[PDB]
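Residue-level listing of the chains:
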Amino acid sequence: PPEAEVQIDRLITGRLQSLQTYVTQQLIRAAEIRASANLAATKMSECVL
Amino acid sequence: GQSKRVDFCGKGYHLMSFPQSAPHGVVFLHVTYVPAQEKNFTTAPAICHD
Ligand SMILES: *[C@@H]1O[C@H](CO)[C@@H](O)[C@H](O)[C@H]1NC(C)=O
């Protein structure tokens, strides 16, 4: 256990960094998708209705 | 101005709008015209005179 908490620390840091990167990219992509959905709603109101 | 965009500034035919300040934002009061009390009639594309 004394020497197993240093490699596990590296694994934790790497996996946390991967998760944070995924969440950030997904947030940006979700912002883009929200803009596209707002455009779709505007087209539905202005043109279909 | 008065907008012809559908549902851009309220449900109905837009008449006018009033802005109000609010904490960290704006509040639009959209005054719009809504038809009501419909009645059914017989219609025709055109009327044939002589
Ligand atoms: C007649 O008009 C009423 C509203 O006044 C409407 O609900 C109804 O469908 C109409 N009747 C018909 C189309 O037979």
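Thresholds, definitions, all that
Position numbers follow the written sequence of each chain, starting from 1, instead of the entry's numbering, which may differ; residues with no coordinates are not represented. Think of it this way: whatever chain is written first is A, whatever ligand is written first is 1, and the rest follow in order. Bear in mind that the chains are drawn from a larger assembly and that all values refer to what is shown. Excluded from the side-chain calculations are hydrogens and water; all other atoms, namely the structure's heavy atoms, are used. Under the scheme used here, helices are H or I runs from DSSP no shorter than 4 residues and strands are E runs no shorter than 2 residues, and both carry numbers assigned from the N terminus. The globule rule used here is 2.2 Å times the number of residues to the 0.38 power, and the radius of gyration it is set against is calculated over C-alpha atoms. Relative accessibility decides the category of a residue: with a 1.4 Å probe and only protein chains considered, values under 20% of the type maximum give buried, values over 50% give exposed, and everything between is partly exposed. Throughout, a contact is declared for two residues whenever any of their heavy atoms are within 4.5 Å. Computed with the Shrake-Rupley method and a 1.4 Å probe, the accessible areas treat only the protein chains shown as cover for residues. Each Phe, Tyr or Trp ring (for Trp, its six-membered ring) is paired with any other whose centre lies within 6.5 Å, and the angle between the two planes then decides the class: stacked below 30 degrees, edge-to-face above 60, tilted in between. In our convention, an over-ring charge means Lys NZ or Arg CZ found within 6 Å of a ring centre and within 35 degrees of that ring's normal.

This entry lists cryo-EM as its structure determination method and reports a resolution of 3.09 Å.

Colleague: Just checking my understanding: could you explain the overall build of chain B for this structure?
Modeller: Across its full length, chain B carries zero helices and two strands. A compact globule built from 50 residues should have a C-alpha radius of gyration of about 10 Å, whereas chain B, at 19 Å, is more than 25% larger. For chain B, the spread of C-alpha atoms along the principal axes amounts to about 65 × 25 × 15 Å. Expressed as a percentage of its 50 residues, the buried residues of chain B come to 6%. Taking all contacts inside chain B whose residues are at least 6 apart in sequence as the whole, residues at least 24 apart take part in 0%. Accessible area for chain B stands at about 5,100 Å²; split by element, carbon and sulfur atoms hold 60% of it.

Colleague: For this particular structure, what's the right way to read the packing of aromatic side chains?
Modeller: For any two aromatic rings, the description comes down to two numbers: the centre-to-centre distance and the angle of the planes. Residue and element names in this part refer to chain B. This model, assessed by the stated rule, comprises one aromatic pair over all chains. Pairing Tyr13 with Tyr33 gives two aromatic rings, centres 6.2 Å apart and planes at 35°, and the pair type is tilted. In this pair, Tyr13 sits in strand β1 (residues 13-22) while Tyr33 sits in strand β2 (residues 25-33), placing the two residues 20 residues apart along the sequence. Looking at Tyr33, the relative accessible area reads 49%, which means it is partly exposed. Taking NZ or CZ as reference, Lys39 lies 4.8 Å from the ring centre of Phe41, over its face.

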